[PDB]
Structures are given as structure tokens and as C-alpha cells.
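To start, the structure itself, in C-alpha cells.
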Ligand SMILES: *[C@H]1O[C@H](CO)[C@@H](O[C@@H]2O[C@H](CO)[C@@H](O)[C@H](O)[C@H]2NC(C)=O)[C@H](O)[C@H]1NC(C)=O
Ligand SMILES: *[C@H]1O[C@H](CO)[C@@H](O[C@@H]2O[C@H](CO)[C@@H](O)[C@H](O)[C@H]2NC(C)=O)[C@H](O)[C@H]1NC(C)=O
Ligand SMILES: *[C@@H]1O[C@H](CO)[C@@H](O)[C@H](O)[C@H]1NC(C)=O
Ligand SMILES: *[C@H]1O[C@H](CO)[C@@H](O)[C@H](O)[C@H]1NC(C)=O
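Put into C-alpha cells, the structure is as follows:
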């Protein structure tokens, strides 16, 4: 079995660079029967393919038109991984980022872009807020980042801080109420 | 090949086009890349799939040998039985091997044809708005940006516009 | 099709051309109409006719079963007889069905070829005295009256004259 | 033929080209003559040679009849034996005759294809530095001396130079 | 790529069909994925009708021209998911399959709408469907098929 | 600025035969002949055979 293990920070300041890594085991980044992709998902935009890299007697990259000017996807044949770099991020780049293998399954040796294995996802938030513990009134107001455990999903307010209700533990701020 | 495209005026294939069997490579001021012509490709996949299943299925009804034994004074009919069973095996072996050879030749030529037709499809759109270089490529007289390139792949290349 | 003309760069056939399998449609100041290219047509009729007769005739010598009966203690040879007769029927059924499939494919491609060659025949006469529109049609730079049109169908189109 | 060259836009063959199956005829101020395209020719020889050997060799394993005799009260199995041996002969006679017919057609078309591809090879080099006359010939705009002619046969015709 | 319906409720054992209308019809490029909440998609079907590795036999796909369908012959509780179709690098918007009960009116408190069905209500966020009773809750005048 | 037409290649070494040419390397191929067996006498669809032995 192939496993894809993602890593990289889930917080990026606006205008700066998002940097993720996918570490492959059970296959080679340079395999002729693999294509290595990044895909993101957001509640608004749905599922969006971003780009890929693959080796066929030399390295190739293709990128989505929407991100082409900001994106780089590089293989590392020393560590059997590949990276995603996305420059000049804005709030619209907030999403769950997945790596995925395609072209493992082919119709007559033609990559059909059917993704057969995916990484676990990295949730990335574009934000400047910094660490803030909640006020509890239960209504759990004005904290950052996620998550709090106590229950409704959190909503991101126009202040850039989260709130939820439970009908309170915030480990990022070392707070318990 | 019969149609002159594959390993002909198009000297070699592309390792870099992974997503289809036939397609386009574009090159302009914005950049360059490969794009598969999916429709031509899917046409090819349907034909080859049908072929294989047609081959497999035609060989479905075929001679099945049964064991029959004969005593020491039944040598004539024993020989008959053997010649009969071997005869049918050789016939079906011939049919299978020849069908594979004949249809392999036609499959390779089919691909060659699909490439030639894709090349002509584009030639017939562009007409005299580009230089036919003679190697599979067309050099434009006007600038052709990514939307311009896409309209070539579309079938939508607006000739009067240029 | 392999040759790219039929249901290719020539999008569809013509209900209005009744008199032949392939031909011309002309359009000028005097009017318009269809005219069959008989020679290309008669060539096609001779080929297809010969093919059908070749098929029919090749299947002329073929296995004919005869009735043979056997008693209760002749089961082995009865089985042999049955397997023998069924075996040949399956062989000849395969031969017939496969020949029809293979030659049907070649017949459809043959027509496609004849159209492509007719188109090229005209292209090679006109050269740069007309615009190749990319849909089977040629738009003339000069006026081409009915005698001019006929000379295209002739093979007599005087290129230096225009 | 399927490809439109032999006895098509190239009206007839050349008695004067003795040294190969396909080639060139040149005509300039220094003189004129025939030259065979050996590569295209040797390609053809390899294909046809392989075909003949493939045919011969496929018919290598085939039914061999043996003499078997039967008394006056063994008429049923005698008939069986005869029908069996005749049955296989007819099957192999069909296979042989049909294979020869089918592959003869493909051999003639193969030559036609090789000529068409050779013509296109030259066309794709010359591009708009010559007039495509429509009969197999290209009339140059510039003077083309014997070295110029040779570069066409080479694949080396330097287009930007003219 | 346009998927229909955008959501549905069906009981365990029900036959479920979801459709994707694609821009242009290619059988080989089309694929289906099933995604359970907070997990990556899993490849379900590839090339219109081939079952992915480890995918059970109740799932099948069909394709005709530009119309592609995923069929679950007998829905199981574990098939609660969002299903996506895909061609080349383009995905449909997804279809949510929930596991449908009788209509239930919200209990309203101040604003909380508790244990109601269907999901559609007018007063925010909503809990995912409850695994025991199939209801939703939402966090004041309330309109619902089943008050201030 | 230009556009070019071309076709697929890959690292495949699969070969097929044709009438006119043998050992043609192709990008993809499909074997249709089973060459192997397990070398044993087995139950047929669960129903054991009668093995007379000596
Ligand atoms: C093929 O591509 C051409 C060019 O990209 C398409 O035409 C454009 O379509 C987009 C999106 O529908 C429009 O917003 C543009 O205004 C069009 N521009 C031009 C220059 O044509 C065409 O719709 C596509 N055809 C397909 C996919 O069949
Ligand atoms: C082919 O066409 C040309 C042009 O239509 C024919 O030449 C004309 O023939 C008609 C009828 O014989 C005469 O009335 C005209 O005076 C001719 N005009 C010209 C300009 O040629 C020619 O006879 C035809 N040849 C064929 C069918 O072999
Ligand atoms: C084809 O390949 C086989 C095995 O790879 C080799 O033994 C044989 O010599 C080759 N045949 C021909 C006709 O070149
Ligand atoms: C072919 O001919 C030209 C002109 O005669 C010569 O310069 C060149 O070296 C030759 N090239 C070949 C045989 O490839």
C-alpha cells in the first residue's frame, strides 16, 4: 500500500508563502506509473485541482490557470517527497490542501487523472489574529486559532476570531474555563 | 506507418503528454505545454476496447477435446481420433495467431491515422494564417495567446479574425 | 474513418446527390447543383462487387454434414462423429462471421479513401487559384462559370488560364 | 489505390528508374535523371520479405492426411474418415487462398503508401519555395543545381537559404 | 460538470442514483469519489463504470454520451457521504447523501432550534445529522415544515 | 508563437508482432494467453474427484 503523509504549517500570514510537503511511502516520486498532485477544498469553492509534478525521462509540472503565477511544485528525490509552494496568499486561499497520486490507474497506459490515493489533508488558514483564548458566557466567543472542545461547529467572525456554542478547553492558548 | 504521421513527418512521440494518446503542444509569450485531445483519444479507446472484446468473444465458441480410449486392435480409429483432435487444435491455433497479427497491424495503423487526422483538422482551420513547418508544427503569423491556442484545440479558431 | 473525409472534414453526406456515391456540388452566378463523379463511383462499384463475389465464392467449398447412426454399444464413435461435425461447423461459422466483420471495416474505409482522393484530385488541379475552406469546399478567386466547373470535374481545369 | 498516389495523382510509373521501387526525377540546367530513394526502398523490401516468411511459416503446422483402409462392412467409418480428411483440406485451402488475397491487397496498398509518404516528405521540406504542380512534381522558384537536388533527396534541403 | 441532485435522503436498503452531466462526453476521464466528513475523498469508480480497489459490489457506474450515473443498489448506513464526479481536473459540486425519517418540528429556545427534520429551516450554523435519531439542530422567529 | 501536433510515448518495453514486422515496441499491450498452472489435482467447484491412485 501507498501512504501519503502531509506536513507543513496550517497558518500563513496574508501576502506570504504557504509551504506544504507530501512524503511518499510505498512508491517513488520519480515513478513512471505515478503523477503527484495537489488539490484543495473549501466550503465555498468545492474541490479544486492546483497542479502536479511527474517524471518521464525528465521532470514535468502543470499548474491550474487560477494559481499559475503563484505556485511551485517540486520533487525531492533524496527524501521521496514533493512540495507545494503558493506565494502571495489571500483569504481566498484558506482551505484544506490534499496531496494525491494519479496515473497509477490508467486506461491502456494513459493517465486519466483518476486520483487513487490521497494524503490526510492540511487545513490552512490565512490570517494575521494571533493566539487568543475564548470568553465564555455556553457561548464560547472570540478565540484563535481552532479548535476548542467542550456542540456547534465554529464560525469565523468578521473580526477574524472564531465563536461557537455548546448546547471549555482551548489548548493553543493554554486556556481552560 | 501507412498514414505517414507516427515516426514519419512527426519524428517522435512525447514523454511529456501523459494524459492522452494524441494532442497538442503550444508555445507563445505566456509559456508552453502539452494538452491532450481527449475526444480523439476517447474515440481511440472505444475502438481498441471493442476490438479486444470482439477478439476475445469470437474465440468463445471453439473446439473442446474429450478423452477417448481404444484397445490394441482399434489402432485405426485411435489414429483417426488423434488426427481429428490435433487437426482442430492447429486450425484454432492458426486462427488465433493470425488474428492477433492482422489486428495488431491494424491497431498501429489506426493510431497513425488518428494522428494524421488531428494534424489535418488543425491545418484545415489555420489555412494560410500560419506556416506549416513540416514537422507537425504550425508557426503563427499573428500572436496567439492561450485563448487563441484553446480555440485551435476547440475547433473554434476564428479564421477571419486574423 | 481512417482517411478523415467521411464524417470528418466533410461533415455529412448529400441526400441531393442520387446518381453516384461521390461527386461535386457547384455554386456560381448561373446557379447550383450536384453532379456525380461516375468514374470514381464505377471504380467503387467494381471493387465492392468483386469483394462480395470473392466472399461468396471462397465459402463455396465448405463442410457438409451427413447423417450417420450408431447402436447402443457404439457410443465412442457416435461421440466422435458428433464432435467432428460440430467442430467443422464452429470453424466455418467463425470464418464466415470474421470475414464479414473484417471486410465490412475495409469497405467503409474504402469509401472514405475514394472521397479523400477525389477531394485531393480537385485540390491538386486548383492549387492557389482557390481558397481551401476546410469543409470539402473550394472558393474560387476568379468567376467560374458552368464550363469552368465542368473542366474541374473533367480533370481539364486550365490552371495557367487563371 | 487507398493512398491516391500510384496510378492516382502520379499517373504512371517510370521504366527509367531501375535501381529502386520509389525515387526522384530531377530536371535543371545541368541535365536530368532518375535516382532511387534507397531507404524508403529498403524499408519496403524488409516489410515484404517479413510478410512472405510470415505467410510461409504460419502455414508450417497444418493437416497431414494419412492412408487408412476399411473393409466392406466398415462403410460408416470409412465415410467419416473421408469427410474428416476432406474437411481439413478445404479449411486449409480456404485459409491459404484467403490469406494470399487479403495480403496481396495490403501489399499493393503498402507501396502506394510508401510513395505518398515520400511525396509528402519532399513537400514538407520545400513548403512555399516551389510550385506543387499536382502530378508528382515540384517546380522551384530558385535555381536548384545538382547539390540543391541532392539536399532534397537527403532530407537536408535548407529552406531559409532560399 | 453538473451534479444532481445537490442532496438527498434515502433509507437503508434504498436504491440510490446520482447523476453528473458533463460539458463533453468522455467515458474514460469520468470518475466518482465518496468523501466522509473530515477525511480525504476515496476513489469509488473510475472510467465511468470500473469499481475501485476494495469498493463493494453495491456500487456501480454507467455512462451515456454526456450523462454519467452512480448507482448504489442497496444503501447502507456507512454510505452517508458526499459523492463527487470528475473529468480531467474538473470536479462536480458534490451530492450529499443523508440517511431521510419522519418530519420533526424544532424545539425553540433563545437562538436554538433543536432536533428537527428536514435540514431546511428559516430563522448561524447547523450540526451534522444525528446518528441515532437523524435530526439536525441549528444555532427569533422560526419557519419550518414541521414560532417565536 | 506556435502549436504542434504529437503523440504519446513512455518507458514501455512490451513488444507485439504484426505480419510485416516482428518485435514492435508499443506503449501498451494486453496478454491474452494463460501460461501457468498450480501443478495439482483439485476439487472442481468444491466437489472432490475420484482419484483411483494405483
Ligand atoms: C473553447 O475555448 C474557447 C476559447 O477558450 C471558448 O470561447 C471562450 O469561452 C469562454 C468560456 O465559455 C468565454 O468566456 C469567452 O468569451 C470565449 N472566448 C473566445 C475568444 O472564444 C469556447 O467556448 C470553448 N469551446 C468548447 C470548450 O467547446
Ligand atoms: C470537358 O469539359 C470541357 C469544358 O466543359 C469541354 O470543352 C467544351 O466542350 C463543349 C461541348 O463539347 C463545347 O461546346 C465547348 O466549346 C468546349 N469549351 C471549352 C472551353 O473547352 C470538353 O469537351 C470536356 N471534355 C471531356 C469530358 O473529355
Ligand atoms: C523477437 O524477440 C524475441 C524475444 O525477445 C527474440 O528471441 C527473437 O529473436 C526476436 N525475433 C525477431 C524475428 O527479430
Ligand atoms: C547530402 O548532400 C549535400 C549536398 O550534396 C551534402 O552537403 C550533405 O553533406 C549530404 N548530407 C547527407 C547525406 O545527409
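Chains as they are written, first to last, in this note's numbering: chain C, 13 to 189; chain U, 386 to 547; chain H, 386 to 547; chain P, 386 to 547; chain Z, 181 to 328; chain S, 676 to 729. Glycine is no exception: its CB is placed at the ideal position from the N, C-alpha and C atoms.
Under 8 angstroms between the Cβ atoms of residue i and residue j?
| i | j | result |
| --- | --- | --- |
| residue 480/P | residue 479/U | yes |
| residue 342/Z | residue 326/Z | Nothing about residue 342/Z can be read from this structure; chain Z reaches only from 181 to 328. |
| residue 455/P | residue 463/P | yes |
| residue 194/C | residue 107/C | Chain C is shown from 13 up to 189; residue 194/C falls before or after that span and cannot be answered. |
| residue 85/C | residue 65/C | yes |
| residue 259/Z | residue 235/Z | no |
| residue 427/U | residue 207/Z | yes |
| residue 693/S | residue 484/U | no |
| residue 138/C | residue 21/C | no |
Mind checking which residues open and close the beta strand (DSSP E) that includes residue i?
| i | result |
| --- | --- |
| residue 439/P | Segment 423 to 443 is the alpha helix (DSSP H) holding residue 439/P; no beta strand (DSSP E) there. |
| residue 266/Z | 261 to 267 |
| residue 247/Z | 247 to 252 |
| residue 524/U | 522 to 525 |
| residue 410/H | 408 to 413 |
| residue 678/S | 677 to 682 |
| residue 74/C | 71 to 75 |
| residue 296/Z | 292 to 296 |
| residue 93/C | 93 to 98 |
| residue 130/C | 127 to 130 |
| residue 201/Z | 196 to 201 |
| residue 289/Z | 287 to 289 |
Note down the Cα distance separating residue i from residue j, rounded to an integer number of angstroms.
| i | j | result |
| --- | --- | --- |
| residue 445/P | residue 509/U | 49 angstroms |
| residue 423/H | residue 407/H | 8 angstroms |
| residue 709/S | residue 502/U | 37 angstroms |
| residue 395/U | residue 507/U | 14 angstroms |
| residue 194/C | residue 124/C | Because chain C spans 13 through 189 in this model, residue 194/C falls outside it and cannot be assessed. |
| residue 247/Z | residue 126/C | 18 angstroms |
| residue 299/Z | residue 308/Z | 9 angstroms |
| residue 210/Z | residue 391/H | 29 angstroms |
| residue 90/C | residue 522/P | 59 angstroms |
| residue 677/S | residue 443/P | 48 angstroms |
Using the three-state DSSP reduction, which class does residue i fall into: helix, strand or coil?
| i | result |
| --- | --- |
| residue 691/S | strand |
| residue 21/C | coil |
| residue 531/P | helix |
| residue 449/H | coil |
| residue 104/C | helix |
| residue 539/H | helix |
| residue 309/Z | coil |
| residue 87/C | strand |
| residue 209/Z | coil |
| residue 547/H | coil |
| residue 517/U | strand |
| residue 258/Z | helix |
| residue 144/C | strand |
| residue 715/S | coil |
| residue 417/H | strand |
| residue 185/C | helix |
| residue 276/Z | strand |
| residue 136/C | strand |
| residue 227/Z | coil |
Starting from residue i, follow the alpha helix (DSSP H) in both directions and report where the run begins and ends.
| i | result |
| --- | --- |
| residue 186/Z | Here residue 186/Z belongs to no alpha helix (DSSP H), and DSSP marks it neither H nor E. |
| residue 469/P | 460 to 511 |
Just checking my contact of residue i with residue j at CB under 8 angstroms: how many whole Å lie between their CB atoms?
| i | j | result |
| --- | --- | --- |
| residue 41/C | residue 97/C | Not really, about 16 angstroms apart at Cβ, beyond 8 angstroms. |
| residue 279/Z | residue 320/Z | In fact, because the Cβ distance is near 29 angstroms, the residues do not count as touching under 8 angstroms. |
| residue 453/H | residue 435/H | Wrong, their Cβ atoms sit about 39 angstroms apart, outside the cutoff. |
| residue 416/U | residue 684/S | Rounded, the Cβ-Cβ distance is 22 angstroms, inconsistent with contact. |
| residue 703/S | residue 115/C | Actually they are not in contact, since the Cβ atoms of residue 703/S and residue 115/C sit about 13 angstroms apart, beyond 8 angstroms. |
| residue 432/H | residue 495/H | 7 angstroms |
Using a beta-carbon distance below 8 angstroms, is residue i in contact with chain D?
| i | result |
| --- | --- |
| residue 439/P | Although the question refers to chain D, the structure presented lacks it and instead comprises the protein chains C, U, H, P, Z and S. |
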